[PDB]
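Single-structure report; data block below.
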Amino acid sequence: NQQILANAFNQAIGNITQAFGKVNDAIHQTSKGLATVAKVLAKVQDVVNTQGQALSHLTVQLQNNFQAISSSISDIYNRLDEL
Amino acid sequence: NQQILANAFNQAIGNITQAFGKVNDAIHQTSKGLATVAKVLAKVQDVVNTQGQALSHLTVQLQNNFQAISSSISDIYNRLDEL
Amino acid sequence: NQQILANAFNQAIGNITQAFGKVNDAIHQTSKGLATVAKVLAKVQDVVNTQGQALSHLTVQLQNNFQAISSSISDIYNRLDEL
Amino acid sequence: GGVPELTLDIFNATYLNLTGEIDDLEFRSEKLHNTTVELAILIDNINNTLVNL
Amino acid sequence: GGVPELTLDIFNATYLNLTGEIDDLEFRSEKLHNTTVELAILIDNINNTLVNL
Amino acid sequence: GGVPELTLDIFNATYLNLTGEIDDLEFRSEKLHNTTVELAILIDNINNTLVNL
């Protein structure tokens with residue numbers, strides 16, 4: 001009975017250590033996974049922000065351009081009406 | 001022998017509880033990690049969608065503007081040719 | 001004493017199996033979570049890249065348009081000055 | 001000089017809808033939290049089986 | 001009035017390439033799945049060691 | 001024909017700031033790593049309790 005119990009214990013222990021090992025592997029995988037996510041975020045932030053900045057700058061430029069064009073057209077019509 | 005086994009068991013149990021505690025900490029960390037990801041997504045979705053919307057609207061506006069400019073230029077040339 | 005130890009062991013084992021089961025559920029959840037992230041990334045990449053491409057193309061188009069407009073205006077002024 | 005060709009491609013936005021995924025993440029994060037609570041219980045239960053012979 | 005200055009900065013897109021990371025995630029998610037299968041085996045094995053004295 | 005209406009909406013960018021979240025992820029990933037080291041220790045400790053009767 002005592003040897004039986006001892007054998008059971010040993011078997012349980014081996015299996016338990018193996019189980020914990022597997023869980024440790026999983027934890028390792030998760031660690032890696034989160035770090036990857038962290039890296040991806042950096043990349044997205046940068047591209048996204050760059051795009052936003054460009055878009056903003058683009059609209060400012062466009063506003064300037066269109067304003068100039070409007071002025072030009074007005075002047076052209078003035079000249080035409082004087083003609 | 002029986003006391004020896006009993007001592008082994010107790011030692012195993014303490015260590016096993018500690019191991020499970022560590023795994024629990026890891027699970028907690030993972031929970032937090034996923035929630036953070038969930039939050040980040042919301043942010044990205046919004047910025048990205050906003051940018052897309054603006055870009056779309058911008059092109060519509062630009063199309064209108066260029067159409068008007070084309071018409072204007074055509075009229076100007078008509079006037080010039082009449083001159 | 002031996003029966004007592006045996007009973008303790010059995011109790012420990014049941015609880016230990018349950019604990020491992022819970023950890024397994026957590027691992028499953030994590031697996032699912034990472035896959036979801038992987039899918040989300042694909043989506044973001046695509047939208048973001050599409051937007052970037054459009055923006056780039058848009059600026060090229062705009063440059064062409066403005067160049068043409070500048071030329072047109074120059075010609076108009078030439079005609080006006082000849083008038 | 002004539003009227004210039006001023007073409008401009010309209011951008012038709014594809015909207016990023018991440019609410020399902022969101023969400024799915026949210027669900028996972030709370031399932032993992034609930035697991036932590038159950039695991040705390042089970043750990044104290046394993047601790048209760050220490051023999052005193 | 002003369003010809004107007006109509007400057008326009010060309011946007012040179014930097015493309016987001018997430019395929020490696022993708023991928024790496026995919027790999028992690030399947031490794032975790034495989035862990036669940038092995039852990040189910042090991043759990044049933046621990047259950048088999050219950051004594052009947 | 002008169003001067004054309006050439007309206008253009010200025011886009012005011014909202015910047016994506018993910019540094020806190022970053023970061024928070026980074027912190028989680030290293031906490032999980034440290035857990036792996038401690039768990040390796042505890043596993044070898046459980047292995048040391050095998051009886052030889």
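Below, chain A is the first sequence line, B the second, and so on; all start at residue 1. Note that these values count all heavy atoms, side chains included, but never hydrogens, waters or copies made by symmetry.
Smallest separation of non-hydrogen atoms from C:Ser70 and E:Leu6: OG-CD1, 3.5 Å. A pairwise comparison of heavy atoms in C:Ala26 and D:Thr35 identifies CB-CG2, 4.0 Å as the closest pair.
Note that CG of F:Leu8 is 5.5 Å distant from CG of B:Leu62, once rounded to the nearest 0.5 Å. Atom CG of E:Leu18 and atom CG of C:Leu41 lie 5.5 Å apart (nearest 0.5 Å). Atom CZ of F:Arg28 and atom CG of F:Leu32 lie 9.0 Å apart (nearest 0.5 Å).
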Side-chain atoms of residues 48-58 of chain C: list all donor-acceptor pairs with protein atoms under 3.5 Å, sequence neighbours left out, distances to 0.1 Å.
unit_1, atom_1, unit_2, atom_2, d
C:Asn49, OD1, E:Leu16, N, 2.7
C:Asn49, ND2, C:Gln45, O, 3.3
C:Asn49, ND2, E:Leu16, O, 2.7
C:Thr50, OG1, C:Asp46, O, 2.9
C:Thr50, OG1, C:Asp46, OD1, 3.4
C:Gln51, NE2, B:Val48, O, 3.4
C:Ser56, OG, E:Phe11, O, 2.8

Residues 44-51 of chain E side chain polar contacts: donor-acceptor under 3.5 Å, at least two apart:
unit_1, atom_1, unit_2, atom_2, d
E:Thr49, OG1, E:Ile46, O, 2.8

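For D:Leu53, the CG atom counts as densely surrounded, since its 6.0 Å shell holds more than 12 non-hydrogen atoms of other residues, nucleotides or ligands. Within a 6.0 Å radius of CG in E:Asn52, other residues, nucleotides and ligands contribute 12 heavy atoms or fewer. Crowding of B:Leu83 atom CG: a count of heavy atoms from other residues, nucleotides or ligands under 6.0 Å exceeding 12.
For the pairing with F:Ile43, the side-chain contact (heavy atoms from CB on, under 4.5 Å) check across A:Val23, A:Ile16, A:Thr17 returns one residue only, A:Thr17. Only one option out of B:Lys22, B:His28, B:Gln29 pairs with B:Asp25 in a side-chain hydrogen bond (donor to acceptor under 3.5 Å, both in side chains); it is B:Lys22.
Checking side-chain atoms of B:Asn24 against main-chain N and O of D:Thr36 turns up a donor-acceptor pair under 3.5 Å. Remark: side-chain polar atoms of C:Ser31 are not paired, donor with acceptor, to backbone N or O of C:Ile27 under 3.5 angstrom. Remark: side-chain polar atoms of F:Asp24 are not paired, donor with acceptor, to backbone N or O of F:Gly20 under 3.5 angstrom. The backbone N or O of D:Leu25 sits nowhere less than 3.5 Å from a side-chain atom of D:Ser29 that would complete a donor-acceptor pair. A donor-acceptor distance shorter than 3.5 angstrom exists from the side chain of C:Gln18 to the backbone of C:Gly14, with no hydrogens or angles considered.
Counting only heavy atoms from C-beta outward, the side chains of B:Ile73 and C:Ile73 never approach each other to under 4.5 Å. Within the 4.5 Å cutoff, the side chain of F:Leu42 has no heavy atoms near those of the A:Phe20 side chain. The shortest distance between side-chain heavy atoms of E:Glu30 and C:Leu34 does not fall below 4.5 Å. Within the 4.5 Å cutoff, no side-chain heavy atoms of B:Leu5 are placed close to those of B:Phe9.
For A:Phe66, the ring pair (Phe, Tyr, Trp, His ring centres under 6.0 Å) criterion is met by B:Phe66, C:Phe66, not counting sequence neighbours. In terms of the side-chain hydrogen bond (donor to acceptor under 3.5 Å, both in side chains) criterion, C:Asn10 has no residue partners (sequence neighbours excluded). Checked against side-chain hydrogen bond (donor to acceptor under 3.5 Å, both in side chains), B:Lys32 has no partners two or more places apart in sequence or in another chain.
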Does the side chain to side chain contact (heavy atoms under 4.5 Å, CB included) test come out yes or no for C:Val47 and D:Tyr15, once each step is laid out?
-> CA-CA 8 Å; C:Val47 176; D:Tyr15 287 136; over 6 Å; no
Just do the side chain to side chain contact (heavy atoms under 4.5 Å, CB included) check on C:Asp81 and A:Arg79 with the steps written out, would you?
-> CA-CA 9 Å; C:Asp81 286 11; A:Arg79 300 271 313 267; 2.9 Å; yes
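Residue pairs meeting the side-chain hydrogen bond (donor to acceptor under 3.5 Å, both in side chains) criterion with at least one partner in residues 58-68 of chain A, sequence neighbours excluded, are A:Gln61-E:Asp9, A:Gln63-A:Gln67.
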